[PDB]
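# Residue-level structure breakdown
If you want the building blocks of each chain, they are given just below.
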Amino acid sequence: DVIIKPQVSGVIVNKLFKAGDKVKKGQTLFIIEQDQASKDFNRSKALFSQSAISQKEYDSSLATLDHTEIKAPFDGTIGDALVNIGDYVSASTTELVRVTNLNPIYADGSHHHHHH
Ligand SMILES: *[C@@H]1O[C@H](C)[C@@H](NC(C)=O)[C@H](O[C@H]2O[C@H](CO)[C@H](O[C@H]3O[C@H](CO)[C@H](O[C@H]4O[C@H](CO)[C@H](O[C@H]5O[C@H](CO)[C@H](O[C@H]6O[C@H](CO)[C@H](O)[C@H](O)[C@H]6NC(C)=O)[C@H](O)[C@H]5NC(C)=O)[C@H](O[C@@H]5O[C@H](CO)[C@@H](O)[C@H](O)[C@H]5O)[C@H]4NC(C)=O)[C@H](O)[C@H]3NC(C)=O)[C@H](O)[C@H]2NC(C)=O)[C@H]1NC(C)=O
């Protein structure tokens, strides 16, 4: 009784899942690219340990258009795909795929919390 939803709004990049297969708590299934990979989540392709990329005038293409992998909420069963790759999608509202079986598990800690 749960539906797989992303964390942002952008465009599908890929799908590492199957129709009628099982899922895992934190298992990648979908992917969406957006102009916002959080300020404390994405680790970016690489870093600047030193003068290896010359950030002084390095390229910007290597630091943008990040991607957000959509991992299942909890192990169980996954249905089919509603949309396809290369198709723009909205925030969590996008119910491309849904998960069935198992109980509704939840235990994250990224951001957007009002429990203090
Ligand atoms: C997603 O993909 C992208 C493609 C990728 N980007 C690119 C371009 O490819 C993204 O990576 C980028 O973004 C991430 C995070 O979003 C990473 O950047 C973070 O980490 C960096 C270090 O590696 C930087 O942080 C450093 O600089 C800041 C200031 O801007 C902080 O330092 C300040 O504060 C300190 C403590 O308060 C010091 O100040 C104290 O000492 C002085 C000395 O006199 C004074 O007395 C002060 O008054 C003191 N403080 C107090 C309170 O009294 C420090 O000197 C000061 N700097 C300045 C200039 O003033 C930071 O340290 C943290 O600071 C906070 C509060 O400031 C403190 O609470 C923490 O304890 C402390 O850790 C510095 N850290 C280091 C290790 O040097 C970035 O600014 C930081 N981001 C943010 C939002 O803060 C990544 O490296 C980025 N890459 C590039 C190329 O830019 C990628 N990921 C994400 C998440 O987007």
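About the thresholds
- Numbers on residues come from counting from 1 along each chain's written sequence, not from the entry itself, and any residue without coordinates is not displayed.
- The basis for every side-chain value is the complete set of heavy atoms in the structure, and neither hydrogens nor water enter the calculation.
- Only protein atoms enter the 1 Å grid used here. Points where a 1.4 Å probe fits but cannot escape make up a cavity, open sets with protein on both sides within 12 Å along at least five of seven lines make up a pocket, and a residue lines them when an atom lies within 4 Å of a point.
- Grid points are joined across faces, edges and corners, and a volume is the space filled by probe spheres set on the points.
- Numbering goes from the N terminus for both helices and strands, where a helix is a DSSP run of H or I of at least four residues and a strand is a run of E of at least two.
- Polar here means any residue outside two lists: the nonpolar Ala, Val, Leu, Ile, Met, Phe, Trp, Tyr, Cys and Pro, and the charged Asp, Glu, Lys and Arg; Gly therefore counts as polar.

As recorded in the PDB header, solution NMR is the method behind this entry.

## Describing the layout of surface pockets
Size it by volume and the largest pocket reaches roughly 730 Å³. Going through the elements one at a time, strand 1 (2–4) and strand 5 (67–71) are the ones with two or more residues in the lining of the largest pocket. Broken down by element, the residue count for the lining of the largest pocket peaks at four residues, all from strand 5. Grouping the amino acids of the lining of the largest pocket by side-chain chemistry returns 12 nonpolar, seven polar and five charged. Estimates place the volume of the second largest pocket at around 580 Å³. Broken down by class, the residue content of the lining of the second largest pocket amounts to four nonpolar, 11 polar and seven charged.

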